[PDB]
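Presented as structure tokens, the chain that follows is alone, the form solved without the named molecule.
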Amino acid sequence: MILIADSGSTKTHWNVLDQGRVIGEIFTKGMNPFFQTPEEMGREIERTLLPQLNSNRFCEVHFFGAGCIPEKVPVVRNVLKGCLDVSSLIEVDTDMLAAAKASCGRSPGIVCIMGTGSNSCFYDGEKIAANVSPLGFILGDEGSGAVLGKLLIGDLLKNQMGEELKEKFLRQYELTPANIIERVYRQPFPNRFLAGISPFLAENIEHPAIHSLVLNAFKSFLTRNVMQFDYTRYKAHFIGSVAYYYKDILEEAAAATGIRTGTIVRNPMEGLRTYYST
């Protein structure tokens, strides 16, 4: 049996494959080693992963997660080693490489993540050969859920979208300006708060201000990130909730900027299953 994980901001998605079949699909909390200690990760595995596994024993583990850079790989691997009995290999790498394997397989492409955060890289068919550091929801992460949320809230409360959308938004999420400021500046994981109010955009996509905010945000991600790669030579592939929920707009953004899209999918898990059983 093999265990596969893609760990993002809000969640870790796990699949168990055996004899090329899916025999388990599991959500846990996100497991980013910058935000939690090994002890916390190990306890989270024990609490919420193990109860949905049919064994502690795996041939292979492939764990892909935000924040799993070379510095942090050993730490994560030792947690996985301590919790599971792995006979052969324990791969730990980034969510970016998950998306690349999922979307490109063994051939090159430009690969982007558009979820709570965003990211972009060039995958040479084996590994990530180049990348644009995302920089997070304040400084960067163009086109991300948290950035979309940031932009939306700023425009709403600044009376740039009119009174209808502003009041609809505040009433829908039962927010006040004061609540929002508190959340965004003085409460943990503002990026997750902002990404969680971002679905308003998809719900209201037919309104001009809403369409423009998304289109402009996407064009910004493309010009600032994807266009640093050789985008006239390679397809650009997109993985994540935002790539999927705003697919038509992403395609409009790509056509406006000259980018050639490949795969646009919700998450890398479907790709990885194909990757590991073919």
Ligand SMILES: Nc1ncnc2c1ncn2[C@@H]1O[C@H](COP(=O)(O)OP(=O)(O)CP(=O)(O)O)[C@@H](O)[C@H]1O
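Under this definition, the rigid core comprises the largest set of C-alpha atoms superposing within 1.5 Å between the forms. From 1 onward, residues are counted along the sequence shown. Only residues modelled in both forms are compared.
Keep in mind the form solved in complex with the named molecule is missing from the figure; the text below concerns it.
Although the named molecule is omitted here, in the entry with it bound all of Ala195, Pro199 and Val242 have a heavy atom within 4.5 Å of it. For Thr116, a non-hydrogen atom is located within 4.5 Å of the named molecule in the entry with it bound, even though that partner is not displayed.
Residue contact with the named molecule in the entry with it bound: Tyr246 places a heavy atom within 4.5 Å of it. Although the partner is absent here, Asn15 is not a contact residue: none of its heavy atoms lies within 4.5 angstroms of the named molecule in the entry with it bound.
The named molecule in the entry with it bound comes within 4.5 Å of a heavy atom belonging to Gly8. Screening 44 to 52, 234 to 242, 213 to 221, 247 to 255 for residues having heavy atoms within 4.5 Å of the named molecule in the entry with it bound returns a single hit, 234 to 242. Core-superposed comparison between the shown form and the other one: one run of at least three consecutive shared residues with Cα shifts of 2 Å or more is located, at 23 to 25.
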